[PDB]
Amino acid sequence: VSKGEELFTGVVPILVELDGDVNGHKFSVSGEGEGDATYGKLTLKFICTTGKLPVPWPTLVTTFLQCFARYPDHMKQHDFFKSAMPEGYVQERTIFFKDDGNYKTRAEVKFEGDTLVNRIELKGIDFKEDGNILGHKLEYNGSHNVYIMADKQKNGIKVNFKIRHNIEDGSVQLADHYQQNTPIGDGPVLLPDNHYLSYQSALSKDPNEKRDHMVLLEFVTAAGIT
């Protein structure tokens, strides 16, 4: 097993730091938790440290650690994420909210000692002040697939997927995701055959937490290659 892989055989502490600006509404979020890739398990708690989060927490779920996905033994040569560790990779995304604005994110995911860290910058523009996002019309508790393909030319991967956030009136707010990952190091990485990650997610609250926050539990499993 490679250095990349063996770095995830046990429980790994996680730290996330995000700075955002959506239509001029600036905010910061700190996250802590742990990942157990053996079980594709993520347990996290995010806290808005600047007061009230100006966007719905559900819209930040996908932004808030694919290196913790459980890759079946027979699919191990297709795990790009762990292969780039500990040096890490840069994840870039554009998330288009149908009939509203878009988020553009840049995240540097890598190890700092024994801690897996993700430093994120989020920029949102063209949002409607009273739309489903800035107007907070999305339900908090709104199995889904994330499609991965190799991008040989850029020595990384290209990822695409759609999320449908539940609107309070019963409708749905589509969030179309376009993602790219590129290694930070100059070392070797695994370029995968087409496959996907299956997500199970659940949002909750900490009963003793007064700050605006989100408790997020996820189970991520690679599939698509039999």
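From 1 onward, residues are counted along the sequence shown.
- Unmodelled residues of the deposited sequence between neighbouring positions residue 101 and residue 102 number none; the chain is continuous.
- According to the entry, the deposited sequence runs straight from residue 196 to residue 197 with no unmodelled residues in between.
- Here 168 to 176 and 43 to 51 are compared by their mean Cα B-factor, and 43 to 51 comes out higher.
- A summary of the deposited B-factors shows that, of 188 to 196 and 53 to 61, the stretch with the larger mean C-alpha value is 188 to 196.
- For the set 132, 155, 91, 83, the PDB entry puts the maximum C-alpha B factor at 155.
- When all modelled residues of the chain are sorted by CA temperature factor, residue 123 is found within the lowest third.
- Among the modelled residues of the chain, residue 71 sits in the middle third by CA temperature factor in this PDB entry.
- For residue 208, the recorded CA temperature factor ranks within the highest third of the chain's modelled residues.
- Per the deposited record, the Cα B-factor of residue 31 falls in the lowest third when ranked against the other modelled residues of its chain.
- Ranked by C-alpha B-factor against the other modelled residues of its chain, residue 150 falls in the highest third.
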